[PDB]
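Observations on the three-dimensional arrangement
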Amino acid sequence: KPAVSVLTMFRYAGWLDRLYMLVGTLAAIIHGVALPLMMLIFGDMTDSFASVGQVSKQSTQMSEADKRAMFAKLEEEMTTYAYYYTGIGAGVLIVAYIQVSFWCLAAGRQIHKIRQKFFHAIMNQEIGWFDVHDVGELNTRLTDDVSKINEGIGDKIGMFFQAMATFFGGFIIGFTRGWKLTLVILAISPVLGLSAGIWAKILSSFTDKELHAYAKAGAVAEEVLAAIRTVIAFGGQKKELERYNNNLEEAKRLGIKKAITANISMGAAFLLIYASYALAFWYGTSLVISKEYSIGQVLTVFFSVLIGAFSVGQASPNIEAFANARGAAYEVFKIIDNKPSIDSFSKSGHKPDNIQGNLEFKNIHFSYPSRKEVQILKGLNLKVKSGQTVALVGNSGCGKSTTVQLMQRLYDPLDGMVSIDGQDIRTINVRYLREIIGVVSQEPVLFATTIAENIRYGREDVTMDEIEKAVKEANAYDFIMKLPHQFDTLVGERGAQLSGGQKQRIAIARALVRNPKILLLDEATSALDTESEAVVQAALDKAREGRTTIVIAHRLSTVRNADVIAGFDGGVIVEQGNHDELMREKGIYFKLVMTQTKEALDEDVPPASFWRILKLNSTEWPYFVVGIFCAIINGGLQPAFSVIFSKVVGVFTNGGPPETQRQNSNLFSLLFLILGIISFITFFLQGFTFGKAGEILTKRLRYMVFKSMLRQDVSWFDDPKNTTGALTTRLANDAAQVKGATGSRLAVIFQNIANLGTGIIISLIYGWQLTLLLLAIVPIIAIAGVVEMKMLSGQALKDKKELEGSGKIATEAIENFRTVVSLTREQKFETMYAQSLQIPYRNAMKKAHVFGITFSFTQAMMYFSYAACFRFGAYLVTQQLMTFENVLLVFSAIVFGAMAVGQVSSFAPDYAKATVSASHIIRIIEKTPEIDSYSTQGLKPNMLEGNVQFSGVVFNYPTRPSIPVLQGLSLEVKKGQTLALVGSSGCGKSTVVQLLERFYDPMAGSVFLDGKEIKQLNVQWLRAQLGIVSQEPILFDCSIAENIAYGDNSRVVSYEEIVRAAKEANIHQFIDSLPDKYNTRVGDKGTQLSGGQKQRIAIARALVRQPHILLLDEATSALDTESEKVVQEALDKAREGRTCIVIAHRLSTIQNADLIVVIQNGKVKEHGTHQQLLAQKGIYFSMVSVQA
Ligand SMILES: CC(C)[C@@H]1NC(=O)c2c[se]c(n2)[C@H](C(C)C)NC(=O)c2c[se]c(n2)[C@H](C(C)C)NC(=O)c2c[se]c1n2
């Protein structure tokens, strides 16, 4: 992975920028040392209570002379301590403000330039650059990578500096107050980073093992959901359910172990930090007995070294964000500092005013930059006189278009020169070059705006009258005036779709506005019907007036009209001259003449569900039984600690017997270790409980989901919100993430309720008033913690919603770069881009200020809490209310309690995302379709007859109930005879074939098979005797023998039936010939096949089950040569003795069909055989007339 030098990355920072960064970082440093200072002050605080405990403990000394020496002393010490706390806090709000504010600011300002210059630099690039580069990733790079470099030069490094400042402040204060203790603790430190470092590698080892573990089931998951039509139709729902399931009990059972080891990681972390607590206090408390360190000093250094330690662990992502922001900056600055071969932005060439317009190509050798290996033009020589029109032909290769492309100087030739008049095309400014060159491409392209605006894109300073005139010159004025909004009518991608001819004509006009003296037509008439081609070419021929035109037309119809016809054999020009010369020479021209004669949309919709999801995992009670208890234990562990820490520092603050100072000390210290041991037990138990549950719950769930997915209707798979990829992603992720809302959430809620719940009881008994204070301040701070992330993500989505404006402009500009580069107008699109960006950047100031005041409001009172609680508590202890140790207990219990609930909240997966990934699962499972392929009811007669009779049957698609497809059309087919369907297009050419296979239910009316109604029959058994052949036959990546046997399921097909079905599908020839027999895989994983053979296999598939009803729906549309012969030849020998229905557009193999039904609109208007309908001279006469 690549990365920029740190110095290079801030290149677009200026005066004010460096200023902001420096001021900010400076405030970040001092914000950093605020916490260690806080620690020291805390030590100095506890030292003071330690003095008043011991004297009033032992016996009785002076009753009236204690209130003066103890009570009066402490208040005098706390009135100043308060000033310290509060002082530091008040400073902290300011300096934190400066930090986030300035860093966010300077970052934003930089980024604004960065994105702009990235865009301009993308525009600057020639097309040769867009050949070698994917435009999709480039356009997303302008949004993703720039937003990615925004993060890493902003708040993140501010916090990095705060963090390193806390590291240095903490270790400095550490060693200053305490030489030894800090070295003890720092001695303990390398055993936690060595522990966190091996356990991350362990969890991450299984994480990527899982990705390619489930991807075996995901394969057959997308394989099924893609070919789902061919699945339900061959009823392989059972087999595919099984097949999918066999790859589940191998890839989540792999996950079980990983869940366990990650749980043991957590356990070991806890055991280790608790070991650290134990050892540190065992040292320090025995150290305060020898009267070396004070009790408060031990606290000071333990806490400042500890805080200084976790500083690193909360600097890690802040420095990581800086790192990969450099790696993203690489790609962007590469383009910005890249100057192309064709610029194409500034003028350095000439701008002839003659301007003549004589073309010349001398010895042109050229090859595309994507594939230098293959040479395109070899010694290309071609002159074009003024006003003369030259057509390019020969059907050689790309070369044709290449010349056109070379003419507007998209690329440059490898050898040889392209000269307009006396000067080379390279000696003239490129902007002015494409201003004097107009172009019409094979595919028209209109930008999303008004027609007027699309026209402006050819020339900016054009009056409305010039516009109208230009439109008229394009024979386009007519249909534009017929539009509802005239010249303000929307076009392009979204809104108001226009035909290809009109769309092309507007482009013709656009080009015409430029008034070029040279005109290039690359397959202008191509890809158009014969009725619009006339009008379009009418505009073109009038556009060729006064202009030097070179035209390439696949249709040589409009070619003869040219002055000079130039043929292409290979890379060289061979035959050149007038039409008659090339006809007489019988060249290549003569040859050709004779031969041609959704992500948000998903999660928005579902309502529900509050805790019903737990019913899903309820299949295993034991695991949850152990689980919940284990969490109550690990949850009571935390309040325990706060008590035990308060008894450690209590035995030296509340005085008493010195001989018992040790006995207590080592007891509590050792006790901490015990509290760690048990802590390692819970987490080893939890991952064996919830861990397996949530994983079992995963497997089973997926199974259920997949099953239900096969139950569904065909209408559901027509739903624009349910795609093979979206479905398989619903199966892959949401199905696994469901475990978040079950066990994990019980763990969380129980650990939290155990912690803050019991801790609040204890802090309530050890203090009435102070507890009331903390259960008041703490929630208020917690509320601020929510709003902090509310106003953070809140104006994070609002900022992207105003940024989509820029996104659209850039997108439209990039996706059609190859088009805009021809109309120049690159700088215009840049201008649009900046104009779009001027609104979010004006909101960067307010943004930075907001993040400032928010971060500062949350962070300020994080010190004012200590300020309040320790002042009120001192107020307690000094008076008759007791004591201080209890004050410290209430504080630690409630505060680290509330902190612990936060960390427990951060451990488990996101409950919101879990629930919304759960509701899709539960809805998908409990989903009952109309047509149930799983039902075991049904007639199942012995009657092998098989008469299809549609009566009435009015049907319209549920996906889009607009313009009903079937309007109650009726027909009937008896046994052996073959129906045929004739109409303008599909619907209901295919709709019938679908309704007989019962993919949909017609609104009113009924279709009968034999004497019985379809709806009365068994659903599955109905398709058991119906073979189906679609336009594009799909096979399964399993094997050939299975593909063939896939036709008749629930039965042992074996060698015999497969060879029998192979031999009449005539495919048996292709089988032995190609190594090897029946074991070969189709397709794209094994050997590739042509459509013909694959469809032959497909027929052989629909032939195994011995169907009494064939359904042929536009069988082969892409099959040519003598391949379509053997296909229908194999079709004809299996058609006899079978009820068949054929839909084709061929109309050549329908003359031999038994019944021919001409369906139009929503009914049947013609009926009978071929010659009968033909002699009827209706619409069948007019449709079979286009066969010449
Ligand atoms: C200044 C520090 C001493 C302060 N500790 C406490 O406030 C505390 C003292 Se016992 C305790 N927390 C409980 C007990 C019940 C284990 N543990 C957790 O809540 C917990 C669950 Se995951 C986790 N921590 C992670 C890592 C393990 C990944 N680490 C921290 O969050 C962290 C970083 Se600094 C710090 N904590």
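Residues numbered from 1 in each chain as written, not as in the entry; some residues may be left out. Heavy atoms only, no water. Residues with missing side-chain atoms left out of burial classes, pairs and counts.

Per the PDB record, the structure was determined using X-ray crystallography to 4.350 Å resolution.

This next bit is on the overall build of the protein chain. A tally of helices and strands in the protein chain yields 45 helices and 21 strands. Dimensions of the protein chain, computed from the C-alpha atoms along their principal axes, are close to 130 × 90 × 55 Å. (Helix = DSSP H or I, 4+ residues; strand = E, 2+ residues; numbered from the N terminus.)

The domains assigned to the protein chain are domain 1 (1-178 + 295-345 + 803-842), domain 2 (185-292 + 598-765 + 881-934) and domain 3 (359-595). One C-alpha centre belongs to domain 2, the other to domain 3; they are set 65 Å apart. (Domains from an automatic or database assignment.)

Before going further, it helps to examine the sheet that holds strand β20 (residues 1155-1160). Hydrogen bonds between backbone groups are what pair the strands of a sheet, and the pairing can be parallel or antiparallel. With mixed pairing, 6 strands are arranged side by side in an open sheet as β17-β18-β19-β14-β20-β21. Each end of this open sheet is capped by a strand with a single partner; those strands are β17 (1026-1029) and β21 (1163-1168). Averaged over all pairs of adjacent strands, the angle between strand axes in this sheet comes to 20°, irrespective of strand direction. The strands that helix α42 (residues 1091-1104) touches are β17 and β18 (1109-1113); relative to β17, the one it contacts most, it runs at about 170°. (Pairing = 2+ DSSP bridges. Axes fitted to C-alpha atoms, helices over the stretch in contact; angles between N-to-C directions. Contact = heavy atoms within 4.5 Å.)

Strand order in the open sheet made by the 4 strands is β2-β1-β4-β5, with antiparallel pairing throughout. Since the sheet does not close on itself, it has two edges, and those belong to β2 (377-384) and β5 (423-424), each with one partner. Bridge analysis of strand β4 (residues 415-420) against β5 gives 2 bridges, and the strand direction is antiparallel. Within β5, the residue paired with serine 419 across the bridge is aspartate 424.

Here we come to the site of the ligand. In the vicinity of the ligand, the residues found are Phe270, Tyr274, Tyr277, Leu306, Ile307, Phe310, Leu637, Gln638, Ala900 and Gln903. Between an oxygen atom of the ligand and a side-chain N or O atom of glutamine 903, the distance comes to 3.2 Å. Contact with the protein chains covers 74% of the free accessible surface of the ligand, which is 750 Å². Every element with two or more residues in the shell around the ligand is listed here: α12 (253-287), α13 (295-313), α26 (621-648) and α35 (884-907). When its residues are assigned to classes, the shell around the ligand shows 8 nonpolar, 2 polar and no charged. (Near = heavy atom within 4 Å. Polar contact = N/O pair within 3.5 Å; in protein donor to acceptor, adjacent residues only side chain to side chain. Areas by Shrake-Rupley, 256 points an atom, 1.4 Å probe, with all protein chains shown as cover. Nonpolar A, V, L, I, M, F, W, Y, C, P; charged D, E, K, R; others polar.)

Below, the discussion takes up the pairing of strand β15 (residues 1004-1009). For strand β11 (residues 948-955) and β15, the ladder comprises 5 bridges, and the chain directions are antiparallel. Bridge assignment links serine 951 to a residue of β15, and that residue is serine 1006. The hairpin turn running from β15 into strand β16 (residues 1012-1013), its antiparallel successor, is 2 residues long, and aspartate 1010 in that turn takes a positive phi close to 50°.

A separate point is the packing of aromatic side chains. Summed over the entire model, instances satisfying the criterion amount to 48 aromatic pairs. Between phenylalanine 366 and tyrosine 411, the ring centres sit 5.4 Å apart and the planes meet at 55°, which makes this aromatic pair tilted. Of this pair, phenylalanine 366 sits in strand β1 (residues 359-366) while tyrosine 411 sits in the loop between α15 (399-407) and β4, and the two are 45 residues apart along the sequence. For the pair shown, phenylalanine 366 and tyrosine 411 are each scored as buried. Summarising the aromatic geometry, the rings of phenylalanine 624 and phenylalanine 690 are spaced 5.4 Å apart at their centres and angled 75° between planes, so their arrangement reads as edge-to-face. Here the residue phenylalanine 624 occupies a position in helix α26, and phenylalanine 690 occupies one in helix α27 (residues 659-711), the gap between them amounting to 66 residues. Judged by relative accessible area, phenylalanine 624 falls into the buried class, the value being 10%. The aromatic ring of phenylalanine 688 is capped on one face by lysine 692, whose charged end is 5.1 Å from the ring centroid. (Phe/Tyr/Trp six-rings, centres within 6.5 Å; stacked < 30°, edge-to-face > 60°. Buried < 20%, exposed > 50% of the residue type's maximum accessible area, 1.4 Å probe, protein only. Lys NZ or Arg CZ within 6 Å of the ring centre and 35° of its normal.)

With that out of the way, let us pick up the nonpolar core. In this structure, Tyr244, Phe706, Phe950, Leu979, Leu981 and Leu996 are the most contacted members of the largest nonpolar core, which totals 83 residues. Not counting the four nearest positions on each side in its chain, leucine 979 is found in contact with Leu971, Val973, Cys1140, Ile1141, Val1142, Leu1155 and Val1157. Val184, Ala278, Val648 and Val877 belong to the second-largest nonpolar core, a separate cluster that totals 63 residues. (Core = buried A, V, L, I, M, F, W, Y, C linked by side-chain atoms within 4.5 Å.)

With that settled, the discussion passes to a nonpolar patch on the surface. Among the surface-exposed residues, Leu667, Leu670, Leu671, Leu673, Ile674, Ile677 and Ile681 lie close enough to one another that they form a single nonpolar patch of about 560 Å² accessible area. Position of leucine 671 among the secondary structure elements: in helix α27. By relative accessible area, which is 32% here, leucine 671 ends up partly exposed. (Patch = residues over 30% accessible without salt bridge, like charges linked within 9 Å, V, L, I, M, F, W, Y side chains within 5 Å. Salt bridge = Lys/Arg side-chain N within 4 Å of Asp/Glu carboxyl O.)

What follows covers the UniProt feature "domain: ABC transporter" in the protein chain. Residues annotated by UniProt as "domain: ABC transporter" correspond here to residues 359-595 and 948-1186. Secondary structure across residues 359-595 comprises 32% helix and 23% strand; the distance between its end C-alpha atoms is 31 Å. End C-alpha to end C-alpha, residues 948-1186 measures 31 Å, and it is 30% helix and 22% strand. (UniProt positions renumbered as here; feature names shortened; annotations may be inferred.)

Our focus in this paragraph is the packing of helix α3 (residues 34-57) against α13. Where α3 contacts α13, the axes come no closer than 7 Å and their chain directions differ by 160°. What the angle tells us is that α3 and α13 run roughly antiparallel. α3 and α13 meet at a crossing whose hand is right-handed. The residues of α13 that touch α3, namely those facing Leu35, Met39, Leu40, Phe42, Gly43, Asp44, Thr46, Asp47 and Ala50, are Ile295, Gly296, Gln297, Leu299, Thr300, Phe303, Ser304 and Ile307. (Parallel < 35°, antiparallel > 145°, perpendicular 65-115°, else oblique. Left-handed = near helix turned anticlockwise from the far one by under 90°.)

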